[PDB]
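A lone chain, given as structure tokens: the form deposited in one PDB entry.
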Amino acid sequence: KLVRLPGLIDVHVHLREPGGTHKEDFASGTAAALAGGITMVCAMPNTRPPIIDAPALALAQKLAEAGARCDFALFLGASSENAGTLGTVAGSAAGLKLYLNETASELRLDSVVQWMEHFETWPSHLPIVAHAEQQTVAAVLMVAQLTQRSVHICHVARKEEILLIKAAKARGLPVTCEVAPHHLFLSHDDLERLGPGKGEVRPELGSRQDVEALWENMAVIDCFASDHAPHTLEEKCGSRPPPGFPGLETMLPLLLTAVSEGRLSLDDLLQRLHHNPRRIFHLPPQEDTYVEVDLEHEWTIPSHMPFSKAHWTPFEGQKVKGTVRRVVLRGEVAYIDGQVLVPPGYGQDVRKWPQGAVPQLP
């Protein structure tokens, strides 16, 4: 009755530690990952302090080693000050994250010249991912070409963006992309229900035509990734709502529902949650690691999933068919039927495994 899947990978999560641990920490965020059938996560650098230099990465690595319940890699973040300074630690990171749109954070880049500097100085064999919306996609693609290397575009959300990427792929350009579940399963039609606080996310929810274009262009999507971005309900409904949705616990049930409806195949899902994450980010296999899912059980998403400290979900009320029943991680039962059974600290930094270093010429 159960379907065995390999260990799934989410290349885009915000786990809030250090410095935002009321929103989530490594222990709670990785519990949510395991409950969502995810055994490896790549954590974004917009923490407090942000992971923009070697001391901050060293702290984050120890916090993750002590708190993570699944395996992980940590991104470095590009800043206005750190181009040319990350060479000694770069290979220990998941990749470099460029935040190219609106942020108040120390990740703000004020000029395309700063993007060029990062593309020129970051080691050429290591991943670069970008938060790049609308015309920014075209702009960062131009920088990538000028510097003759690849780029991965995070959370593609619009017809405009997926068609631009499609055209770049048709020209043989080295660009990959990911799409998040909210941009496949929610739209403007849902803003009335969510309200303007809860509904706040970047990239914003798309029109129905945006959603339909992402589905029609599934072939262009290399990865699914949650952009798990936990904030509490008080923050989402307060005066200055921060953008982002929690998503680890709902991503796989939503996508399994689509598989059951024939909207994409099981293989299409596994390419996008396993094989393509591995190959774009050079992430190693996990021995003795698998996920068992039940595809027959129908349930309704509640007002909050059990594990994320966000303690809310924008998918409340959607009917899904697909449940995570058991997760085994490196030979140990990590999750069964609503209970996480590996402690904080069971998870490891995959970039420290011999098989997890990115291959490079001498």
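We number the residues from 1 along the sequence you see.
Below, we turn to the form solved in complex with a small molecule, even though it does not appear here.
- When you look in the deposited bound form, the only residue of 149, 282, 202, 159 with a non-hydrogen atom within 4.5 Å of the small molecule is 202.
- The small molecule is not shown here, and in the deposited bound form it never comes within 4.5 Å of any heavy atom of residue 75.
- Using a 4.5 angstroms limit between non-hydrogen atoms, residue 28 is distant from the small molecule in the deposited bound form.
- Although the partner is absent here, residue 141 lies well away from the small molecule in the deposited bound form, with no heavy atom inside 4.5 Å.
- Although the partner is absent here, residue 249 sits far enough away that none of its heavy atoms falls within 4.5 Å of the small molecule in the deposited bound form.
- Stretch 237 to 245 is the answer when you ask which of 87 to 95, 188 to 196, 207 to 215, 237 to 245 has residues with heavy atoms within 4.5 Å of the small molecule in the deposited bound form.
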